[PDB]
Ligand SMILES: Nc1c([N+](=O)[O-])ncn1[C@@H]1O[C@H](COP(=O)(O)O)[C@@H](O)[C@H]1O
Ligand SMILES: Nc1c([N+](=O)[O-])ncn1[C@@H]1O[C@H](COP(=O)(O)O)[C@@H](O)[C@H]1O
Ligand SMILES: Nc1c([N+](=O)[O-])ncn1[C@@H]1O[C@H](COP(=O)(O)O)[C@@H](O)[C@H]1O
Ligand SMILES: Nc1c([N+](=O)[O-])ncn1[C@@H]1O[C@H](COP(=O)(O)O)[C@@H](O)[C@H]1O
Ligand SMILES: Nc1c([N+](=O)[O-])ncn1[C@@H]1O[C@H](COP(=O)(O)O)[C@@H](O)[C@H]1O
Ligand SMILES: Nc1c([N+](=O)[O-])ncn1[C@@H]1O[C@H](COP(=O)(O)O)[C@@H](O)[C@H]1O
Ligand SMILES: Nc1c([N+](=O)[O-])ncn1[C@@H]1O[C@H](COP(=O)(O)O)[C@@H](O)[C@H]1O
Ligand SMILES: Nc1c([N+](=O)[O-])ncn1[C@@H]1O[C@H](COP(=O)(O)O)[C@@H](O)[C@H]1O
């Protein structure tokens, strides 16, 4: 069963959040994907967050741009850990998204990743690290994936064009 | 009856939001004041915003600091106009509050005022201007209040210490 | 009659402010549109703001970029509520516009929306919400428009390409 | 046994990180606390991160200020999930700390919380939420703690001085 | 006669603008000082700027804080050169003041000085440099003042406590 | 004779500073144009600033990007008034240029205009306003130019496409 | 032998760091180039920095983008002077890179250059200046290179198109 | 003889730059200290930088606040390596100082350290690292100083109050 949900405020956010989904495809981690807006579908948000525990989610990754309320509002309504991905916004280049996600007051946390597609990939990796604490197989695939990333850099030390 | 509600994410916000209440005392505008947190009391927020129309509110002023979700979440759940006051936060000096309130995406507006006590006073004045469109008496008191503010500056053109 | 005016500092601002006009076309709200510059036509600004009440305006939406003086100067000269739209500027990406509109001192408010076309659309929606407090028909169309926006997201929960 | 470590770049950071420790005292979660500097004790950092899995840690909370390398360098060396707390710095008010923690590139995540003591408390709460996925007792205490926080706001709706 | 006017949006700005007045006292340059608010006394602003030429002003120094409209609105209404002093604001530390003064669009300039009391002193010095182009005596006093400032640094090269 | 010099740190700055030159062509104001770098030609800078008075300059406009030292270093070496134009830089979008020009300490002023081509045009207009205080003909052309700009906006109040 | 190493967090950084290499080609300074990631190859970083002294390096230039840990982590592990080049990042335009490199706490320095390709070129020039203190030939080539840069500006004072 | 000079734009900067001097006292490195202002003593700056090589300096540390021109102007006039310390300014908290020092264009480098007293200490340490490349004794004292700093953290792993 899917132990992680990837949600996002808008279809346009998929350009960014697809990179979280890609990590899970690589690591063979079942996941659910859904557009849930704090602003445009507030009642669905509430029912989504209320049922997350009972639906079997152990991590929720939420992405949004601009005044990014989605991740914090999910976190207000569930004990399932929430990771937040700030989507790059046009004018403020995701600074608004970042401040509106990370600056949660005491009592209702959201673990925040980097602005944009690097943070989407990292949210899925952090979610996978969380899951891997109690899933030996996934822990192994993660270790393999990390080693592969390190080996790629190690076997290519010179960035210049071939001799 | 009270046609405006002043709400805020925390009791600590009252140091700032009191300045909105002061404007209404001056203009004799009945108002309701309440601590409503998007993060700490999400279900109350929803019921507050859902009932605002039926409770007779025509403007809601919402103040919050940090990742300020309160004003936008109220606006998502009611057609009653929402004005947002960014409370000055410790580290980011209300920049986080300002970006998290003003940068609402298309579809769910929050009219935002200045960071801190000047924005609290201005939110109440803008709310009073909105009400005064259909309240001749209040329009008159506003006009009187404005004239008094202008006259104060006009009768004191020299800022230096007396001769 | 038109109960809202949309004004802007320059013709170039129309690329942004057109999105406010679009909302009003959708909601069938009569509106006036005009280029009024605080800097290039200061005397027209003064006469525009002075006559707004007598011309029947109940909300003014003002857009400008850079050192954005237009919305605040209108507000200084009329009791008609002013909503400000920060236009995205080249170098500072509308941060200058946002600070120059939102940071009004105590006494002369401007309700500020998001930088750029999302704030233009939201200003018109907030203006329509203000008008809808005393216009049952408009209140209904707004409710319909909101429901349509929510339904669009609800009927499209999966952002991925079709099976 | 302690399933969470709280580490920080300097003794001076304890003024902030104590607030993470406080959450764990409240929730009765055993924890380890240590000063580990990426810059001043790089070899200890490496051995700390290398042994974290074998020492039984399931979450690491790392706090640092300025050019905050500690959390990301821990994360580079272990699969144990890392939460980062940006400590408020003098000149840049923790903006440097926040950017240096949150903006990790793809491959090595750090879940980041708010600048300063609110983020320290939230990191411990997020760590506790992570642990509570497989610890029914802790899940219960968390639920109790949340309810207590909500009830406090609910039973005190009026922020004004007593009648 | 006074060839320079020092104006400011509020009496509170005098704490800053006094430093412009001090330069003129030192250089024996007659000057006029007045509180003129774009926001609170818009009609006085217009009449002030309209009459400046006829009143004999050759430079106007305008100081304001927050959404600082005063200098740009003066400049819109007169050909007399306007220098703008951004007053340090509470939350944004004069960044708002600076952006709202300096970012004037093409056609209506305001020469902007540093945030706060250093910019007030510099505005008066720049105004004096402008006047000194056609006033040999003032040019001489300026030269004397500059030499005195240079000599002070030159005769005190070691910043350490006396032997 | 030329009473204004337009100088700039690099040939690449001409893309921006050309807009100052354009104003002077329009107003028929003789001007000198030169590349002078504080960093790459420090001795020329010194001799340029030292001789400016004797060469007949009454205003100097200096443009530079990045760590923009040119305007302030000219001002340190001459009593001729200096206006500074921050050129838009790649990474920081002229914010670096703006802070490095405007934030001069007490004693050595530089009147600063907007980032980029609007500030270049405005520097020339402010320089022309300075010159026009003692040049009736130029004062007249300026007045004509301003009226033309105002008339353009006035005769085009509707920004929408023709009926 | 090579007395300078140019290292960078990723192959993608070569687009920027190539400009450091170009300076060394011009000045005929032997150099080593390598991709070394603090995050993706932490153990290689440690062995690289540990052996730098013994490998004959007298300056290390390190470039990285985003949460840029590379330069500071090298500096933590060697006494060889480290110069840091902030690579321009997508969302934050190298501001993150700059803060994460320059804001090192007391005890472990990194001399930081400008964001992007200008800082890469300058790091190599500063490294060459450091080496030239004890290398008369290199000192001479540097002097020649500087003179050539100054002469280029001097022989091209007019930036306008040929007569 | 003194192989390093510590210079600063003003006596007030000594509060910060004293921390560079302290490092040199600890490491027994002879040094020269002087107030040299780019703005207030431009001719002294030029003669200082011109003679630095002949006076035996191998590193110059320059501190300044605000529009910080000193370090870059020294670097324009000498091949002796220049390290820049941004002094914390009142309004902009040393951000202006940092941008005006670090953002040097290609050709004239300044190695920049952290804002404020930590950067002053680090500039002296980086200068000492540069000198230590050819001074075995100083290299040894540096190594000793580093080890002492590491040992301090290592022997104090628990930041909490004694049992
Ligand atoms: N922040 C947010 C929420 N929310 O926080 O609930 N819902 C949509 N949004 C944001 O609106 C931004 C623009 O959405 P759209 O107008 O392109 O549909 C998206 O980045 C989306 O995440
Ligand atoms: N933003 C917010 C919300 N909310 O947006 O729903 N609830 C509380 N807060 C903010 O937490 C900040 C600190 O609250 P407290 O920890 O002092 O109770 C306050 O400014 C409050 O507005
Ligand atoms: N801010 C402003 C005012 N005003 O505040 O009165 N008038 C024009 N402007 C701004 O100049 C900016 C550029 O105008 P333009 O040079 O393209 O005509 C526009 O965004 C316009 O809103
Ligand atoms: N960032 C950092 C690291 N590190 O990232 O490894 N070690 C110490 N620091 C920071 O130096 C800052 C000042 O430390 P100190 O000079 O007061 O000991 C602290 O906030 C500490 O976290
Ligand atoms: N900006 C401005 C204008 N104006 O631009 O016309 N009038 C007052 N202000 C500003 O309100 C700020 C606070 O004023 P006050 O509320 O202390 O009277 C002052 O810095 C003043 O300059
Ligand atoms: N700031 C500056 C100085 N100076 O302040 O003396 N000289 C060149 N510069 C700047 O280098 C920037 C890039 O110059 P270049 O590398 O394209 O020649 C230009 O914007 C120029 O103004
Ligand atoms: N900062 C950093 C480190 N490090 O600090 O050790 N390693 C890679 N990076 C950065 O990841 C950024 C993107 O890398 P990549 O995802 O394109 O490979 C690069 O700018 C690189 O310098
Ligand atoms: N930046 C600068 C220069 N300069 O760059 O040549 N000279 C003085 N300053 C700065 O003026 C600031 C205030 O100086 P003062 O008005 O307190 O004497 C100081 O930080 C000093 O470094």
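Chains as they are written, first to last, in this note's numbering: chain A, 1 to 163; chain F, 164 to 326; chain V, 327 to 489; chain Z, 490 to 652; chain P, 653 to 815; chain E, 816 to 978; chain C, 979 to 1141; chain U, 1142 to 1304.
Yeah, the Cβ is synthetic: ideal placement off N, Cα and C, and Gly gets one too.
Beta-carbon spacing of residue i, residue j below 8 angstroms
{"i": "residue 737 (chain P)", "j": "residue 771 (chain P)", "result": "yes"}
{"i": "residue 90 (chain A)", "j": "residue 335 (chain V)", "result": "no"}
{"i": "residue 406 (chain V)", "j": "residue 379 (chain V)", "result": "yes"}
{"i": "residue 1105 (chain C)", "j": "residue 982 (chain C)", "result": "yes"}
{"i": "residue 832 (chain E)", "j": "residue 880 (chain E)", "result": "no"}
{"i": "residue 39 (chain A)", "j": "residue 239 (chain F)", "result": "yes"}
{"i": "residue 262 (chain F)", "j": "residue 57 (chain A)", "result": "no"}
{"i": "residue 841 (chain E)", "j": "residue 887 (chain E)", "result": "no"}
{"i": "residue 250 (chain F)", "j": "residue 314 (chain F)", "result": "no"}
{"i": "residue 1298 (chain U)", "j": "residue 524 (chain Z)", "result": "yes"}
{"i": "residue 811 (chain E)", "j": "residue 838 (chain E)", "result": "It is not possible to answer for residue 811 (chain E), since the shown part of chain E is limited to 816 through 978."}
{"i": "residue 408 (chain V)", "j": "residue 428 (chain V)", "result": "no"}
{"i": "residue 999 (chain C)", "j": "residue 1009 (chain C)", "result": "yes"}
Limits of the beta strand (DSSP E) - the one that residue i falls within
{"i": "residue 712 (chain P)", "result": "711–717"}
{"i": "residue 86 (chain A)", "result": "82–87"}
{"i": "residue 331 (chain V)", "result": "330–334"}
Three-way DSSP call (helix, strand, coil) for residue i in this model
{"i": "residue 1246 (chain U)", "result": "coil"}
{"i": "residue 764 (chain P)", "result": "strand"}
{"i": "residue 745 (chain P)", "result": "coil"}
Limits of the unbroken alpha helix (DSSP H) element including residue i
{"i": "residue 234 (chain F)", "result": "233–240"}
Cβ neighbour criterion (16 or more within 10 Å) applied to residue i
{"i": "residue 774 (chain P)", "result": "buried"}
{"i": "residue 1308 (chain U)", "result": "Missing from the structure shown is residue 1308 (chain U); chain U here goes from 1142 to 1304 and no further."}
{"i": "residue 786 (chain P)", "result": "exposed"}
{"i": "residue 487 (chain V)", "result": "exposed"}
{"i": "residue 1209 (chain U)", "result": "buried"}
{"i": "residue 815 (chain P)", "result": "exposed"}
Exercise. Just list the alpha helix (DSSP H) runs in the region 603–641 of chain Z, keeping only unbroken ones of 4 residues or longer that don't cross its boundaries, in chain order.
Key: DSSP assignment within the region 603–641 of chain Z yields the following whole alpha helix (DSSP H) runs of 4 residues or more, N-terminal first: 606–621.
- Query: Which runs of the alpha helix (DSSP H) fall wholly inside the region 663–719 of chain P and span at least 4 residues, in chain order?
  - Reply: Unbroken alpha helix (DSSP H) stretches of 4 residues or longer found wholly inside the region 663–719 of chain P: 666–679 and 694–703, given in chain order.
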